[PDB]
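Each residue of the sequence shown is one higher than the one before, starting from 154 at the first, in UniProt numbering.
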Amino acid sequence: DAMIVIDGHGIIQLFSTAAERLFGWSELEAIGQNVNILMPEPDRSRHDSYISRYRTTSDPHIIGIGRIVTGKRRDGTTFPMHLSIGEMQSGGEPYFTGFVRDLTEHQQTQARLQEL
Ligand code: HEM
Numbered sequence: 154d155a156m157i158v159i160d161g162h163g164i165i166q167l168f169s170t171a172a173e174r175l176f177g178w179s180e181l182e183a184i185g186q187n188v189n190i191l192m193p194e195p196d197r198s199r200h201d202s203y204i205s206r207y208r209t210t211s212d213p214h215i216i217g218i219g220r221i222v223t224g225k226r227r228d229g230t231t232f233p234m235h236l237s238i239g240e241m242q243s244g245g246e247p248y249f250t251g252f253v254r255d256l257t258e259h260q261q262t263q264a265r266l267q268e269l
């Protein structure tokens, strides 16, 4: 599915090709950008703090755990997605891998069955 790998500062290091389709951002555009360019406010501005809370407390809030959140596409549109984070380490520094599963279709179907 879509996969994003960030370092300990929230900077994107690898943006798979499906992520490009899903978010709109190309690989070269994504890499180097902080992951918070993928979420609306208030989380955008506080996403770094969330990561900082975890790097100092060593207390996992959403690691392993799979969570449903709102992603933001390049054209400004938000959408729900399921995200699962796996923590890793390379060259001494920590890295984080996110596996996104688009849920837009599941949210639309649900709204539709609601509406009928
Ligand atoms: C793109 C939509 C995203 C949103 C809305 C989002 C939102 C959040 C929120 C609200 C928190 C804190 C949750 C809590 O402490 O209970 C958090 C933590 C974090 N997020 Fe995200 N996130 C997004 C994507 C990502 C991605 C793609 C990565 C992939 C590496 C990632 C990695 C992290 C990490 C490492 C933390 C800290 C985890 C922790 O405190 O346990 N996030 N995120």
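Ideal Cβ placement from N, Cα and C applies to all residues, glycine included.
Taking the continuous alpha helix (DSSP H) assigned at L266, which residues delimit it? Residue mapping note: residue 266 aligns to position 113 of the sequence shown, counting from 1. Element bounds for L266: 257-268.
In the DSSP output, which residue or residues are listed as bridge partners for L236? Here residue 236 corresponds to residue number 83 of the sequence shown, with the count starting at 1. DSSP, once it has assigned bridges, lists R220, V253 as partnering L236.
Closest to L167 by C-alpha separation, out of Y248, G224, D196, would be which residue? The residue given as residue 167 occupies position 14 in the sequence shown. Answer by Cα proximity: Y248.
Taking the alpha-carbon positions, what's the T223 to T257 distance? Numbered from 1 along the sequence shown, position 70 holds the residue referred to as residue 223. Numbered from 1 along the sequence shown, position 104 holds the residue referred to as residue 257. Using only the alpha carbons, I get a separation of about 10 Å.
Shorter than 7 Å, the distance from the beta carbon of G251 to the closest heavy atom of ligand 1, or not? Reading the sequence shown from its first residue, position 98 is the one you call residue 251. Result yes, Cβ under 7 Å from ligand 1.
Could you tell me whether any non-hydrogen atom of ligand 1 is closer than 7 Å to the CB of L236? Within the sequence shown, the letter at position 83 stands for residue 236. Yes, since a heavy atom of ligand 1 falls inside the 7 Å radius drawn around the Cβ of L236.
On the criterion of 16 or more Cβ atoms from any shown chain inside 10 Å, does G251 qualify as buried, or is it exposed? Reading the sequence shown from its first residue, position 98 is the one you call residue 251. With 16 or more Cβ atoms within 10 Å of its Cβ, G251 is classed as buried.
Leaving out five residues before and five after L191 in sequence, what residues of the same chain have Cβ atoms less than 7 Å from its Cβ? Position 38 of the sequence shown, counted from the first residue, corresponds to residue 191. The residues are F176, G224, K225.
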